[PDB]
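# Architecture and fold: a report
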Amino acid sequence: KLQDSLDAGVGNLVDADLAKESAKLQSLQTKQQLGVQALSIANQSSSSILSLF
Amino acid sequence: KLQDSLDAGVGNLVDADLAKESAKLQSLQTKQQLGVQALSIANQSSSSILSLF
Amino acid sequence: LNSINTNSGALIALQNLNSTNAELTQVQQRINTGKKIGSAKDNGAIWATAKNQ
Amino acid sequence: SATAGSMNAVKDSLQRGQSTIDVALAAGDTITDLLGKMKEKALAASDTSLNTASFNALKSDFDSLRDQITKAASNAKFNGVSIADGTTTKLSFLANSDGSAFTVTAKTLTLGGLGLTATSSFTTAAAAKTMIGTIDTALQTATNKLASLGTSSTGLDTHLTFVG
Amino acid sequence: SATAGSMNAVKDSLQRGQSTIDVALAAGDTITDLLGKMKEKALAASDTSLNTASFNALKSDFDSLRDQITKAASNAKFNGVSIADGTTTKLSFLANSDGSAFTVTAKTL
Amino acid sequence: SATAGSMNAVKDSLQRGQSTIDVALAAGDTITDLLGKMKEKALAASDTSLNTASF
């Protein structure tokens, strides 16, 4: 019983809660796509002044 | 439960509403191209009096 | 402003995208090992305590 | 512009230090597993009910893991430089363009850094009973050293982001 | 025309102050994450039920984070001047062509 | 436009009140379960046939 309690304590110490990691993965992939699009919009800025010349 | 409530409060405090940001990005890109065209029309003005001489 | 030699907005957007990619790497490690403290880099005290336990 | 272009060497030094600590952490994982199996062997040897043959096989497995810790500590190097082999007291890494160092104290993982010696073993049940606590202290100091290297690696990562 | 052409130095001073405050804000973000981890370590060490080894490990990580705060505060400079290093009480910046200051009080970190 | 931009603080205070009421509802659920256990304990103790130790 004591060895089972020690293994349970190690699992309480280090194990992660995957149910939150799933929603975190969804939100972070969506945020990556949005950040890539924002980075491309930042890349586009230089071209606008070529029309002035 | 208190930890989840505090995280929800931080999200209420600082998170943005992206659905407004999409329409704002569309209208502001259109306004930026229109501003570049108006600035070019402002650049043109000096040329008209060269024909007077 | 209106520079062609530098683009600070692309630098800030790349910083934000790098932070998002780091968060995705963290979530990917927590998913593929199942531990929120899978190494000493995550948290040395709790990791050493779990190792001794 | 020159000071801004000088930061690439600093980022390279921080990445090199992170790689060295990564190799040292892998060797430390191996050494901790070997220390745990050695505590298993010593605790099994401590019992007085065993016949001589089981005690001899246990001391032989204990000597085998003790040699494995030596070689595993010997192989912990990254491009000929190490933070865990015990060759040097510390490693300094670039922290800014002016040349300020980021000190990283070395943490020896060889048997001599664990308080053990190459000849160390046991031949009687009382010697195994003392070796139980000896391996306890050795595994404890090894985990403390590994935690220190992990904190140093997290500091290298944060300073790299700040330099960028 | 001279008063109009002198404004570029004022604009340069304001951009210089903005860059210095940006570097200080990055160092402050790092210092805040370090302070939060030290809160977690001290709050974990406060529990009576821990054995001596966990308390010693929490003390070691706390000391390491305390040294990291010193380094992150030391490195917060923009070309040799800093608003957060604590080497000066305040930085002044141009506000107009006549030389009026735009005072920015230092915030030691 | 100033009055239209003024509403963000109102929405923030509204959300803060919602969060405070949520924490209060969690504490009330806990207090309700505790009150039910205490009612069961008192109702069990009310019987006279019980011996002193169980009381």
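Residues numbered from 1 in each chain as written, not as in the entry; some residues may be left out. Chains lettered and ligands numbered in written order. Part of a larger assembly, values for the part shown. Heavy atoms only, no water.

Let us now look at the overall build of chain C. Across its full length, chain C carries 2 helices and 0 strands. For 53 residues, the compact-globule formula gives about 10 Å, and the C-alpha radius of gyration of chain C, at 18 Å, lies well above that figure. Projected onto the principal axes, the alpha-carbon positions of chain C cover approximately 60 × 20 × 10 Å. Within chain C, the fraction of its 53 residues that count as buried is 28%. Within the structure as shown, chain C displays about 3300 Å² of accessible surface, and the carbon and sulfur contribution to it stands at 47%. (Helix = DSSP H or I, 4+ residues; strand = E, 2+ residues; numbered from the N terminus. Rg over C-alpha atoms; globule rule 2.2 N^0.38 Å. Buried < 20%, exposed > 50% of the residue type's maximum accessible area, 1.4 Å probe, protein only. Areas by Shrake-Rupley, 256 points an atom, 1.4 Å probe, with all protein chains shown as cover.)

This brings us to the pairing of strand β2 (residues 101-105) of chain D. Residues and elements named next belong to chain D. Residues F102 and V104 line the buried face of β2, whereas the alternating positions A101, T103 and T105 sit on a face that is not buried. Relative to β2, strand β1 (residues 90-94) runs antiparallel, the two sharing 5 bridges. Its bridge partner being in β2, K90 is matched across the sheet by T105. From the end of β1 to the start of β2, which pair antiparallel, there are 6 residues, and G99 there has a positive phi angle of about 100°. (Pairing = 2+ DSSP bridges.)

To continue, consider the packing of aromatic side chains. Residue and element names in this part refer to chain D. One pass over the structure, following the stated rule, counts 2 aromatic pairs over all chains. When the ring of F55 is compared with that of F122, the centres are 5.4 Å apart and the planes differ by 75°; the resulting orientation is edge-to-face. With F55 in helix α3 (residues 52-74) and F122 in the loop between β2 and α4 (125-163), the pair connects residues that are 67 residues apart, well separated along the chain. Of the two residues, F55 and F122, both sit in the buried class. Relative to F122, the ring of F62 lies with its centre 5.2 Å away and its plane at 65°, an arrangement referred to as edge-to-face. Taken together, the residues span a long stretch of sequence, with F62 in helix α3 and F122 in the loop between β2 and α4 at a distance of 60 residues. (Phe/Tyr/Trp six-rings, centres within 6.5 Å; stacked < 30°, edge-to-face > 60°.)

Let us now look at the interface of chain C and chain A. Every contact between the two is made by 23 residues of chain C and, on the other side, 23 residues of chain A. Both faces considered, chain C and chain A share a buried interface measuring about 2100 Å² in area, 69% of it formed by carbon and sulfur atoms. Counting every contact that joins chain C to chain A gives 2 salt bridges. The partner of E21 of chain A in a salt bridge is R30 of chain C, with the nearest N and O atoms 3.8 Å apart. Between the two partners, chain C and chain A, sit 5 residue pairs in polar contact. The element best represented in the side of chain C that touches chain A is helix α1 (residues 8-33) of chain C, accounting for 12 residues. (Contact = heavy atoms within 4.5 Å. Buried area = accessible area lost by both parts, 1.4 Å probe. Salt bridge = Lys/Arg side-chain N within 4 Å of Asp/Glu carboxyl O. Polar contact = N/O pair within 3.5 Å; in protein donor to acceptor, adjacent residues only side chain to side chain.)

Another point: unusual backbone geometry. At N79 of chain D, a residue that is not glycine, the phi angle is positive and equals roughly 55°. Take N79 of chain D: it is sitting in the loop between α3 and β1. Judged by relative accessible area, which is 73%, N79 of chain D ranks as exposed. In the Ramachandran plot, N79 of chain E falls in the positive-phi region, its phi being about 55° despite a non-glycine side chain. Take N79 of chain E: it is sitting in the loop between α3 (52-74) and β1 (90-91). With a relative accessible area of 65%, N79 of chain E lands in the exposed category.

Our next topic: the interface of chain B and chain A. Counting residues at the interface gives 9 residues for chain B and 6 residues for chain A. Summing both sides of the interface, chain B and chain A together bury roughly 480 Å²; the carbon and sulfur share of this comes to 70%. Along the contact surface separating chain B from chain A lie 1 salt bridge. When the shortest N-O distance is used, the salt bridge between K20 of chain A and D4 of chain B registers 3.8 Å. Along the contact surface separating chain B from chain A lie 0 residue pairs in polar contact. Element by element, the count of residues in the side of chain B that touches chain A is highest for helix α2 (residues 18-43) of chain B, at 8 residues. Split into classes, the residues belonging to the side of chain B that touches chain A amount to 4 nonpolar, 4 polar and 1 charged. (Nonpolar A, V, L, I, M, F, W, Y, C, P; charged D, E, K, R; others polar.)

As a further point, take the environment of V81 of chain D. Residues and elements named next belong to chain D. For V81, the position within the fold is in the loop between α3 and β1. Spatially, the C-alpha atoms of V81 and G17 are 10.0 Å apart, while their sequence positions differ by 64 residues. If sequence neighbours within four positions are ignored, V81 has contacts with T20 and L91.

Following the criterion strictly, the structure yields 11 salt bridges over all chains and no others. Ionic pairing is found between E21 of chain B and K24 of chain B, a salt bridge with its closest N-O pair at 3.1 Å. One end of the pair, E21 of chain B, and the other, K24 of chain B, are both in helix α2, 3 residues apart, so they sit about a helical turn from each other. The partly exposed category is assigned to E21 of chain B, whose relative accessible area is 32%. For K24 of chain B, a relative accessible area of 40% gives the class partly exposed. Salt bridges sharing partners connect three or more residues here, namely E21 and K24 of chain A together with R30 of chain C.

With respect to the element layout, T143 of chain D can be found in helix α4. Side chain to side chain, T143 of chain D and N52 of chain C meet in a polar contact 3.2 Å long. Not counting chain neighbours up to four residues away, the residues in contact with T143 of chain D comprise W47, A48, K51 and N52 of chain C.

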